[PDB]
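> Supplied in structure tokens, the structure appears directly below.
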Amino acid sequence: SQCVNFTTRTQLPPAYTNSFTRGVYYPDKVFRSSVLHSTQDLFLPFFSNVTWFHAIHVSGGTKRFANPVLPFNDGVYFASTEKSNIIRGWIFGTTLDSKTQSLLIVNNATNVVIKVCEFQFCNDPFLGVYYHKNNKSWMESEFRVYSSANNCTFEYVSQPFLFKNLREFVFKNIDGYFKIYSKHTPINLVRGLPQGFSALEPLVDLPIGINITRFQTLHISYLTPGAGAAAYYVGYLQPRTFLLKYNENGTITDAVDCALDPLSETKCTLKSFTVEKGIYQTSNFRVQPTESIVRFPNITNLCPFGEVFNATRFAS
Amino acid sequence: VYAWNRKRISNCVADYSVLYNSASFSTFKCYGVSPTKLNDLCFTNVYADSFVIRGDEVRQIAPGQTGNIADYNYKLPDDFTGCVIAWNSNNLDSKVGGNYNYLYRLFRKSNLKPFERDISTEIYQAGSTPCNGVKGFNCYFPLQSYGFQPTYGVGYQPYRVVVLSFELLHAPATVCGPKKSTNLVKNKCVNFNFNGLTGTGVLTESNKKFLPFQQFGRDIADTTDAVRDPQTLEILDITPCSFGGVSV
Amino acid sequence: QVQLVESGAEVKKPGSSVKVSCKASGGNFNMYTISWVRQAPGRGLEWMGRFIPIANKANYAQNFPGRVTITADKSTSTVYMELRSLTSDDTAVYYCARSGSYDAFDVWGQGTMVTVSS
Amino acid sequence: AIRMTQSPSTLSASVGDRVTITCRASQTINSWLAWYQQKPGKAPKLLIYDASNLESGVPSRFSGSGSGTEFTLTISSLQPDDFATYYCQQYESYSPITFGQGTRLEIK
Ligand SMILES: *[C@@H]1O[C@H](CO)[C@@H](O)[C@H](O)[C@H]1NC(C)=O
Ligand SMILES: *[C@@H]1O[C@H](CO)[C@@H](O)[C@H](O)[C@H]1NC(C)=O
Ligand SMILES: *[C@@H]1O[C@H](CO)[C@@H](O)[C@H](O)[C@H]1NC(C)=O
Ligand SMILES: *[C@@H]1O[C@H](CO)[C@@H](O)[C@H](O)[C@H]1NC(C)=O
Ligand SMILES: *[C@@H]1O[C@H](CO)[C@@H](O)[C@H](O)[C@H]1NC(C)=O
Ligand SMILES: *[C@@H]1O[C@H](CO)[C@@H](O)[C@H](O)[C@H]1NC(C)=O
């Protein structure tokens with residue numbers, strides 16, 4: 001479509017919070033029952049400061065609050081707390097222009113659209129809805145995200161889809177596969193990332209096979225003739241070993257981050273969530289090197305390789 | 001042929017046997033892979049280069065070929081890995097007065113690189129004097145029509161050539177053949193193969209409550225204990241076939 | 001935007017000959033064939049002949065043996081259709097049609113009214 | 001020479017109704033068939049090519065079908081602007097090309 005230009009652009013300052021014990025997702029598709037299993041994967045470490053920003057969906061009032069572009073690293077845990085579905089999709093890529101392949105995921109009113117193309121994203125991607133007074137229902141009528149789209153590679157469309165709600169997602173790009181994990185919960189908290197545990201079930205894996213280093217969220221805009229803005233949080237995944245507890249029906253009911261604290265190191269060493277009184281040899285302390293020092297002899301002569309590889313006559 | 005259509009095929013299952021036994025293909029020359037094995041391989045991408053070529057030039061669609069087609073219109077690489085299919089379409093590309101919609105390039109400065117399309121219609125200068133976009137002495141239009149007719153010779157009839165180029169890499173494998181469906185057998189010791197996972201055991205109905213995203217279930221020692229049938233979403237317990245010491 | 005412009009209206013006598021023109025403006029003249037279609041008043045369309053610039057050949061309808069001779073000047077992209085032995089039944093509008101891309105007459109000329117009478 | 005026959009030669013219909021025009025060939029011309037529209041005093045314009053496609057700029061209400069020997073042009077929603085004479089081409093043999101006998105559509 002055609003981009004909509006906003007004269008004034010602004011972005012709210014970032015804020016910081018603690019991830020508590022969230023970001024745990026099913027590492028594989030293997031059913032397990034009443035077992036504590038250790039997995040070394042890209043997890044979000046427990047109690048790991050996570051950036052968050054507010055998404056403004058209504059203007060009231062000529063200032064465009066644009067979402068910022070955040071690095072992707074090895075994977076992202078994205079959480080959204082909202083009443084109505086304000087957060088609608090994401091854009092991933094390295095340069096976020098037509099030069100390189102870029103991914104765009106969105107969940108509009110009709111269905112879920114996932115497209116890998118050389119998109120030319122607008123400065124301020126816009127998704128606008130208007131209230132149909134006759135129908136007494138909001139209907140989307142504006143979609144201005146990319147000016148151009150050429151050279152598409154992969155296309156995906158999931159099932160057509162339209163007291164707060166917390167929606168957690170994990171985006172992980174490994175081996176040319178862009179794996180997505182999701183979880184949806186009803187949360188009664190008003191502000192802040194909730195403290196609790198909930199495993200993130202895989203949604204879809206996409207063999208897009210592209211490079212991602214940055215991503216940006218997209219929000220919905222409620223057009224009004226003329227305050228409860230949604231919030232979202234972002235954390236970065238790291239290679240960590242977690243001890244996950246599968247219950248009888250086979251869902252992750254609890255998880256221990258190890259290398260978090262000595263008690264957690266004891267738990268995974270013991271492969272147990274409960275530790276009896278005693279002294280347990282958990283790990284090994286080693287002082288890692290600080291600086292490297294090369295000390296070769298102070299010889300500046302050049303070896304006569306040009307007199308052996310460029311000799312006019314080589315011997316018999 | 002000078003503007004051959006290229007279509008990229010991915011994210012689907014290709015039943016090469018069905019197309020093989022579909023019509024009367026006068027040429028099914030597969031270089032680098034046997035046709036019967038096409039159903040047993042997964043390909044990264046399948047490129048379907050479609051064009052129309054007269055009968056005598058069909059042999060020029062092959063690696064290591066020389067000629068006007070293979071040099072100015074469509075060049076196959078020496079390391080080509082794929083099939084070339086051609087059938088005499090004299091009932092669709094030949095007309096009584098002459099079908100001139102198909103043009104082949106006849107004059108070019110250099111031979112085409114493998115898998116290159118050059119649709120430039122600029123007048124070719126065969127002499128010292130410049131042409132300046134006007135055809136005349138020592139100035140020839142690069143494209144020449146075929147003019148297929150139903151009364152033309154057998155070797156001068158149009159053949160609809162489709163070249164399938166498989167990108168044999170197997171790492172991002174997205175195009176594969178059909179999938180076997182051998183009837184499931186329960187309560188008997190059988191060699192099972194679920195989604196490429198092979199094993200031997202006795203399959204029984206199970207009451208385990210798999211979660212929808214989960215495919216198979218393992219024991220405490222990470223031995224496969226249950227599986228889900230990809231065809232029918234049902235859970236089967238796998239037990240080892242009975243063994244034990246024979247003492248006398 | 002390919003536009004085809006023909007000659008003006010022609011009035012002839014029976015037993016004479018006529019020769020109309022069709023100036024091809026825009027596009028590539030060396031690929032698309034120009035076909036002449038006539039339509040007598042009160043009657044449907046009728047095909048006369050085709051000029052093939054790519055093969056430098058001219059074809060005529062079977063119902064008109066030797067009556068139609070089509071030539072063209074590729075330098076000026078002008079197509080001339082010559083009809084010989086005009087009679088009282090040849091009074092028709094002689095359109096020129098460009099059978100481009102998909103062999104269909106996508107672009108039609110303005111049409112010239114050729115009247116043959118005493 | 002392939003002969004083309006249309007049916008009905010003369011047809012009448014009202015605005016917004018469904019109109020079916022059948023142009024049957026004498027020999028198997030595959031799918032090579034074009035539908036035209038000639039308003040009086042104007043040159044015919046292409047509507048359908050290959051007996052199923054829609055020419056660029058033509059309203060989507062025009063639809064064509066059929067292959068082999070019998071073809072059919074159908075208008076989903078007839079409009080006052082769509083009252084003219086429709087011809088069918090048979091561009092499978094260029095010696096000679098035969099148009100249809102003419103299907104004149106009149107206001108009922
Ligand atoms: C959260 O991390 C940021 C740096 O990303 C730091 O400035 C802030 O003080 C931290 N706050 C807490 C509660 O740890
Ligand atoms: C299009 O993107 C693909 C990656 O899927 C790349 O291999 C190809 O070179 C690109 N070509 C164009 C048209 O930019
Ligand atoms: C497992 O699921 C079944 C049916 O969904 C339910 O009856 C049972 O209580 C569940 N058990 C556990 C431990 O969640
Ligand atoms: C807690 O566990 C210890 C074992 O280390 C045991 O001696 C003690 O009785 C337990 N206390 C309770 C209240 O369970
Ligand atoms: C030999 O001489 C050539 C030319 O001067 C030079 O490029 C090359 O590096 C020389 N070989 C060695 C081992 O120095
Ligand atoms: C495959 O087809 C069978 C019908 O023979 C059906 O019972 C089964 O559910 C299908 N499996 C799918 C669609 O995964």
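In the structure tokens, chains take the letters A, B, ... in the order shown, each chain's residues start at 1, and ligands count up from 1 in the order shown.
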Residues at most 9 Å from ligand 3, using only C-alpha atoms and all ligand atoms? Could they come as a ChimeraX atom specification?
/A:247-251 /B:208-209
> Compute the set of protein, DNA and RNA residues whose minimum atom distance to ligand 1 is at most 12 Å, using only C-alpha atoms and all ligand atoms, and state it as a ChimeraX atom specification.
/A:14-20,47-52,192,234-236
> Could you pull the residues within 9 Å of range 48-52 of chain D, counting only C-alpha atoms, minus those fewer than 4 positions along the same chain, as a ChimeraX atom specification?
/C:102-104 /D:31-36,58,62-67,71-73
> Would you name the residues within 10 Å of ligand 4, counting only C-alpha atoms and all ligand atoms, and put them as a list in words?
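So, counting only C-alpha atoms and all ligand atoms, the residues near ligand 4 are residues 274, 275, 276, 277 and 278 of chain A.
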> Show me which residues sit within 7 Å of ligand 5 when counting only C-alpha atoms and all ligand atoms, and put them as a PyMOL selection string.
chain A and resi 305-306+309-310
> Please extract the residues of range 3-59 of chain C with a backbone DSSP assignment of strand (DSSP E) and present them as a PyMOL selection string.
chain C and resi 3-6+10-12+18-25+33-39+45-52+57-59
> Please identify all residues of chain D having at least one atom at most 9 Å from any atom of chain C, considering only C-alpha atoms, and return them as a CSV table (one decimal) with N, CA and C atoms, in the first residue's frame.

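Writing done, so here's part-v8.csv:
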```csv
chain,number,residue,atom,x,y,z
D,1,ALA,N,-11.5,-24.8,-43.8
D,1,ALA,CA,-12.2,-23.7,-43.2
D,1,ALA,C,-13.2,-24.1,-42.1
D,32,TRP,N,-8.9,-22.0,-28.2
D,32,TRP,CA,-8.6,-20.8,-28.9
D,32,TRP,C,-9.9,-20.1,-29.4
D,33,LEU,N,-10.4,-19.2,-28.7
D,33,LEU,CA,-11.6,-18.5,-29.0
D,33,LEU,C,-11.7,-17.2,-28.3
D,34,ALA,N,-12.1,-16.1,-29.0
D,34,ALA,CA,-12.2,-14.8,-28.4
D,34,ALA,C,-13.6,-14.2,-28.6
D,36,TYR,N,-15.9,-10.7,-28.6
D,36,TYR,CA,-15.8,-9.3,-28.9
D,36,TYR,C,-17.2,-8.6,-28.5
D,42,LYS,N,-18.9,1.9,-33.7
D,42,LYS,CA,-17.6,1.7,-33.0
D,42,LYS,C,-16.9,0.4,-33.4
D,43,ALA,N,-15.6,0.4,-33.3
D,43,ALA,CA,-14.8,-0.8,-33.6
D,43,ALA,C,-15.0,-1.8,-32.5
D,44,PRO,N,-15.1,-3.1,-32.8
D,44,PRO,CA,-15.3,-4.1,-31.7
D,44,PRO,C,-14.1,-4.1,-30.7
D,45,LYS,N,-14.4,-4.3,-29.5
D,45,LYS,CA,-13.4,-4.4,-28.4
D,45,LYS,C,-13.3,-5.8,-27.9
D,46,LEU,N,-12.1,-6.3,-27.5
D,46,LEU,CA,-11.9,-7.6,-27.0
D,46,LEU,C,-12.4,-7.7,-25.6
D,47,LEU,N,-13.1,-8.8,-25.3
D,47,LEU,CA,-13.6,-9.1,-24.0
D,47,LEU,C,-13.0,-10.4,-23.4
D,48,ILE,N,-13.1,-11.5,-24.1
D,48,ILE,CA,-12.6,-12.8,-23.7
D,48,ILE,C,-11.5,-13.3,-24.6
D,49,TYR,N,-10.5,-13.8,-24.1
D,49,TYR,CA,-9.5,-14.5,-24.9
D,49,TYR,C,-9.1,-15.8,-24.3
D,50,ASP,N,-8.8,-16.8,-25.2
D,50,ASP,CA,-8.6,-18.2,-24.8
D,50,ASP,C,-9.8,-18.8,-24.2
D,55,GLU,N,-10.1,-10.0,-20.6
D,55,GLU,CA,-9.2,-8.9,-21.1
D,55,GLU,C,-9.1,-7.8,-20.1
D,85,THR,N,-23.5,-6.0,-30.1
D,85,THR,CA,-23.4,-7.3,-30.8
D,85,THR,C,-22.1,-8.0,-30.5
D,87,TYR,N,-19.4,-11.1,-31.0
D,87,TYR,CA,-18.9,-12.1,-31.9
D,87,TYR,C,-17.9,-13.0,-31.2
D,89,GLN,N,-14.4,-15.3,-32.1
D,89,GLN,CA,-13.3,-15.7,-33.0
D,89,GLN,C,-12.9,-17.1,-32.8
D,91,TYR,N,-9.4,-18.4,-33.4
D,91,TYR,CA,-8.0,-18.3,-33.9
D,91,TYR,C,-7.3,-19.6,-33.6
D,94,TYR,N,-5.5,-20.0,-39.2
D,94,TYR,CA,-5.4,-18.7,-39.8
D,94,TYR,C,-5.7,-18.7,-41.3
D,95,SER,N,-6.5,-19.7,-41.8
D,95,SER,CA,-6.8,-19.7,-43.2
D,95,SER,C,-8.1,-20.4,-43.4
D,96,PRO,N,-9.3,-19.7,-43.3
D,96,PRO,CA,-9.4,-18.3,-42.8
D,96,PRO,C,-9.9,-18.2,-41.4
D,97,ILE,N,-9.7,-17.1,-40.7
D,97,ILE,CA,-10.4,-16.9,-39.4
D,97,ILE,C,-11.8,-16.5,-39.6
D,98,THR,N,-12.7,-17.2,-38.9
D,98,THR,CA,-14.1,-17.1,-39.0
D,98,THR,C,-14.7,-16.5,-37.8
D,99,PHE,N,-15.4,-15.4,-37.9
D,99,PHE,CA,-16.1,-14.8,-36.8
D,99,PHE,C,-17.5,-15.4,-36.7
D,100,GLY,N,-18.2,-15.1,-35.6
D,100,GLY,CA,-19.5,-15.5,-35.4
D,100,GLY,C,-20.5,-14.8,-36.2
D,101,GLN,N,-21.7,-15.3,-36.3
D,101,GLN,CA,-22.8,-14.7,-37.1
D,101,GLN,C,-23.3,-13.4,-36.5
D,102,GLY,N,-23.0,-13.1,-35.2
D,102,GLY,CA,-23.4,-11.9,-34.5
D,102,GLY,C,-24.6,-12.2,-33.6
```
